[PDB]
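First comes one chain, alone, set out as structure tokens in the form deposited in one PDB entry.
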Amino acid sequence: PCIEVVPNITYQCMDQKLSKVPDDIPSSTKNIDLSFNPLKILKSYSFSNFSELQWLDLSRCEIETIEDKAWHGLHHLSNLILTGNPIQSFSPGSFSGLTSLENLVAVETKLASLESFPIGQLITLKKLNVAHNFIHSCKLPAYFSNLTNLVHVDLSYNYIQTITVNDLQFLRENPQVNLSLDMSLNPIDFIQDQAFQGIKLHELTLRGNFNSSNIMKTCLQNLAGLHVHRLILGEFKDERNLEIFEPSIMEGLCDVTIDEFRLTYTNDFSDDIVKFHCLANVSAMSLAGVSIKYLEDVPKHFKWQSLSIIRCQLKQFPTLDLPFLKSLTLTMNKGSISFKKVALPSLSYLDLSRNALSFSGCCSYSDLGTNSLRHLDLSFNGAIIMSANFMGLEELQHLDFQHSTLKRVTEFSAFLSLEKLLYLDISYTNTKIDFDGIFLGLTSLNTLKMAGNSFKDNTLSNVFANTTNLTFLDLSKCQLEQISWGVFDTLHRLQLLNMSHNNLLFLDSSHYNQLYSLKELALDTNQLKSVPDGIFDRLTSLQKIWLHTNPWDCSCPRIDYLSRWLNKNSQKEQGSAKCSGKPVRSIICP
């Protein structure tokens, strides 16, 4: 009754009206999904034959009872998912036998407290998810000292209203423990005075906790003494939100040492919130889904080393001169902004993708004020007008223009400075290649994605003379009809060549005599009817070839070379080149 997914390895038994685990499941199975079956009770020894089982999903199985040896034989189980089962009471030894468990998901099991939760001997446990239960105390139990590998606890969507000094005793005692706490969607209204003195946390998430500004401000103050690597704050659109969100609500954050600060959606927002003085010593600042309209005049003594603005609502490109900023991500912005010059002397990573951005004067040192740029993403944007070939930016390794409207890139050697560039994507930029020198200087280029463009006279010209180290070349959907002589004689290290979905009418045998490294050649979906004799003879490294969806002329002796070649090399052909219906590989001339 179980859908066999990967034979003797993975089985999908979901929603099969099973009353018990099927004994038909092979003993070598590593992954079993038993969810949405009315199991009701986990009987002893039910899984004792699955000695290699690693992942077991019992979500929504109506389980009320875990028998005292229900998991006998599961020495290798690392993931156990009990979501939605009304177990409520986990009697002592309920998890006996799970000696390799790393991830325990007890979401919505009517669990009432961690103190009574018998996980004190799952010494391998790394992650504990007890979201959506009836937990009302923030007390980290003492047996957490046995769980030396526990790094994450999810307390989201419970009934915790208070955090006391004693609740965090365990972490105060054990400053060496790396622990992350997700407290989201808990109705917290009281944090005891000094509850967070001597407390260290990796990641602390406080999302959707507060209904009132005064309660949030009062609780944030008593985070004092806390040391967090990553603090995540904000609300949800589908929950009752704060009336007003002023910066002074976060006055308490000044008594917290924060390495990384993440702000998410808030109903109310003001641009000053991101300039709040208590965020000055943060090294990674992040905004996601935030109604920020203007990011301007960030004090230069701010120590932000990375800034992340995602799915926000900037009306106008930020003015930033942060001298210690190394990474900048502004992506999926709501609206269209025009690029404005920045002065970021430490900038080495720049992602400006998916902004419908319009960039006038790309690209050189004066646009960015940095000599250390290695990554530049300008994809999924509007008009990018090429006017300078990257003087001052010769450290650039990664360049992506995908789906932006590249303008004037073919009127000079737009990439001549980029002698360390490894990756270039100008796919679907509506570029009409009309200059053989378009790729001069790209001697380090390994990956060239330029699909969806076109060439003058629909002829593939000699643009690859300098790109001697190309290993990946994607020329699909370029409306190509023919290839000039010698276009590939330099690409001795090319491993992939995709020219599918063009309009090639003939091939020449000379273009493929020096593709010594070529492993994959895509020629499907063209207008090809024949190939010259021996065209594939020197492709000594070939492993895959696509030749289908072509109107092949299967008359003898014309189809002789191709049919015999496709037959002898039938393991390499992907799909079926069929005659204008019999595979070309199945044709024997006299």
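Note that residue numbering follows the sequence shown and begins at 1. Think of the rigid core as the biggest set of C-alphas that the two forms share within 1.5 Å after superposition.
Unmodelled residues of the deposited sequence between neighbouring positions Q571 and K572 number none; the chain is continuous. For the pair 509-517 and 452-460, the mean B factor over Cα atoms is greater in 509-517. 276-284 and 230-238 differ in mean CA B-factor, and the higher of the two is recorded for 276-284. Among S338, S113, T410, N389, the highest C-alpha B-factor recorded in the PDB entry belongs to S338. For the set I66, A522, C61, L542, the PDB entry puts the maximum C-alpha B factor at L542.
In this PDB entry, the Cα temperature factor of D33 sits in the middle third of its chain's modelled residues. Annotation for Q313: CA B-factor lies in the middle third of the chain's modelled residues. In the deposited entry, the Cα temperature factor of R564 places it in the highest third of its chain's modelled residues.
When the CA B factors of the chain's modelled residues are split into thirds, the value for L53 lands in the middle one.
Among the modelled residues of its chain, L82 has a C-alpha B-factor that falls in the lowest third according to the deposited record.
This protein has a second form, the form deposited in another entry, left out of what is shown; the following refers to that one.
In the overlay on the core between this form and the one not shown, a shift of 2 Å or more in CA position is seen for a single residue of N129, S184, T83, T429, which is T429.
Comparing the forms between this form and the one not shown on their rigid core, the Cα displacement of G452 reaches 2 Å or more.
Relative to the superposed core, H511 undergoes a C-alpha shift of no less than 2 Å between this form and the one not shown.
Put the two forms on the same core and the Cα of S156 is off by less than 2 Å between this form and the one not shown.
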